[PDB]
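Notes follow once the structure below has been shown.
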Amino acid sequence: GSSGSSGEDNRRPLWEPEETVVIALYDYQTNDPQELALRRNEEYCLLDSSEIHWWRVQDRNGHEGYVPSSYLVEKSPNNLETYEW
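Just so you know, the deposited numbering puts 57 at position 57 of the sequence shown, and the rest follows in order with no gaps.
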């Protein structure tokens, strides 16, 4: 392989390392308005974890609702030296 215009991959993220960002392992679907359909391999801003089985999140476009925390996952840690004790 060979580069073309730029040989330096500087693809920075969008969300913030401070806000809780979760991702859906699978594309969840529902027939209720109160519920939101998650997308496989898609991050989501955690609004409030009031409940346990159901977490309130928001899409990148602006779609919030109740989703199965099971699908949502905590963006694995990286280059972060911190201990929760």
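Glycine residues also receive a C-beta, built at the ideal position from the N, C-alpha and C atoms.
Asked, Found
"Tell me whether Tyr26 is buried or exposed, calling it buried when 16 or more other Cβ atoms sit within 10 Å of its Cβ.", "exposed"
"Could you tell me which residues DSSP pairs with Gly65 in its beta bridges?", "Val57"
"Among all the DSSP beta bridges, which residues are the ones paired with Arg40?", "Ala24"
"Buried or exposed, going by whether 16 or more other CB atoms sit within 10 Å of the CB of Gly65?", "buried"
"Do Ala24 and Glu35 have their beta-carbon atoms positioned less than 8 Å apart in this structure?", "no"
"Secondary structure at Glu81, three-state DSSP: helix, strand or coil?", "coil"
"Let's test the definition: count the other Cβ atoms within 10 Å of the Cβ of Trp15 and tell me whether it reaches 16, buried, or not, exposed.", "exposed"
"State the beta-bridge partners of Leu46 as determined by DSSP.", "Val57"
"Can you give me the start and stop residues for the beta strand (DSSP E) that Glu8 sits inside?", "No beta strand (DSSP E) holds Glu8; DSSP gives it neither H nor E."
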